[PDB]
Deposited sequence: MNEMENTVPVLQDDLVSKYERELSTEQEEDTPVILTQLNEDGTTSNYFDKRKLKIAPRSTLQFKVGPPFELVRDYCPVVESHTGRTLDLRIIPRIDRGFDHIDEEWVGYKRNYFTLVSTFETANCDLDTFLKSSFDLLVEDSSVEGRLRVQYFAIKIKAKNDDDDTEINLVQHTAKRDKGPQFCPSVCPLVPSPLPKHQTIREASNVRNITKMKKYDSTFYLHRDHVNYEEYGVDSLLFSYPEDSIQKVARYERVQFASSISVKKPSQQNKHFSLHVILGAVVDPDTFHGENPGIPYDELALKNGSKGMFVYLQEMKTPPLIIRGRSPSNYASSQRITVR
């Protein structure tokens, strides 16, 4: 009834079928590592402004809630939350040096203002985009919002246990404990060590995330989870790393900038999950029906 896999950090992922077993909402058994991501492709090259060195990049993503590995399929539930976290790494650049440097996109052409992640959901069979929604912990008693683009600096991805522990922290002392894991506070650095053109100082806000954490995420309530043949639709979650550049023939989205202008989120790399099955609200998807 429960299949157990050991995670990288020594925690377990316990996969079970909610059609057969009902577990409490806050049980640690609800936390588990989801399907592994794979490279879709690399897009625009990035180089350091003076040396011309190509910046090697790698997205480091993981799902920590919402998906079970059941009989060779990865299964989620329309009504339930998933958690998707990601960082990125720069193999050839240590963080301290990276933040003092400046980078251009090779279309030295366009100056990178900052790096950022976005997530998307798609129908894996035809590439149609599917809307995602997020809630706050207050759920129906708070606002609903779409996942946003997250400015980020390179960092190792926290272990599954750390994401679990930081999922519902309110206590100030505890939050202080995790602060350095999740944020870089630009306002606390020695400004004299940085040039005006440094990458750190073109980030849009002083509080800069080290990890993109998308919690309390759901597929849009109106998604159809079966095909007309009654077969299950296959979905996929995508993570895209981009460089945000000033608007003033390569893949990019438009971004409602901070200068109040129309920025450009230029794609650098994209990863995706294998096909995912999403179970709808039908009573037959729940153990209660048995």
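> Where are the gaps relative to the deposited sequence?
Sequence ranges with no C-alpha atoms are 1-32, 140-145, 287-293, 336-340.
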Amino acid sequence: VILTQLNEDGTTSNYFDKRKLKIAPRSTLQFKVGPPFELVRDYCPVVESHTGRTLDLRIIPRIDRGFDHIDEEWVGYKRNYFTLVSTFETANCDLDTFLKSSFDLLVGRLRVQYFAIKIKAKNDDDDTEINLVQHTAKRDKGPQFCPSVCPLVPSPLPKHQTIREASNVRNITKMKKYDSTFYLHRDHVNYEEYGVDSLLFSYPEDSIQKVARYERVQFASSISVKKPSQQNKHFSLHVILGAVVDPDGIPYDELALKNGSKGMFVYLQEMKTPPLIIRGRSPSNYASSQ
From here on, numbers count along this sequence of modelled residues.
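We call the rigid core whatever largest set of C-alpha positions still superposes within 1.5 Å between the two forms.
> Do the Cα atoms of 198-206 or of 108-116 sit farther, on average, from the shown structure in 6 other deposited structures of this protein when the rigid core is superposed?
This comes out as 108-116, the stretch further from the shown form in 6 other deposited structures of this protein.
> Please work out which of 50-58 and 30-38 has the higher mean CA B-factor as recorded in the PDB entry.
Looking at the record's C-alpha B-factors, the answer is 50-58.
> Mean Cα B factor from the PDB record: higher for 253-261, or higher for 221-229?
That would be 253-261.
> Can you pull the Cα B-factors for 150, 132, 175, 85 from the entry and say which is highest?
That would be 175.
> Name the one of 269, 273, 14, 282 with the greatest CA B-factor according to the PDB entry.
Max CA B-factor in the entry, restricted to 269, 273, 14, 282: 282.
> Would you check the entry's CA temperature factor for residue 105 and let me know if it's in the chain's lowest, middle or highest third?
Middle third by C-alpha B-factor.
> Looking at the temperature factor on the CA atom of residue 242, which third of the chain's modelled residues does it land in?
It falls in the bottom third of the chain.
> Give the position of residue 81 by CA B-factor within its chain, expressed as the lowest, middle or highest third.
It belongs to the lowest third of the chain when residues are ordered by C-alpha B-factor.
> Sort the modelled residues of this chain by their C-alpha B factor and say whether residue 189 lands in the lowest, middle or highest third.
Its C-alpha B-factor, which the entry lists for residue 189, ranks in the middle third among residues of this chain.
> Based on the deposited C-alpha B factors for this chain, I'd like to know if residue 204 is in the lowest, middle or highest third.
Tercile = middle for this residue's CA B-factor.
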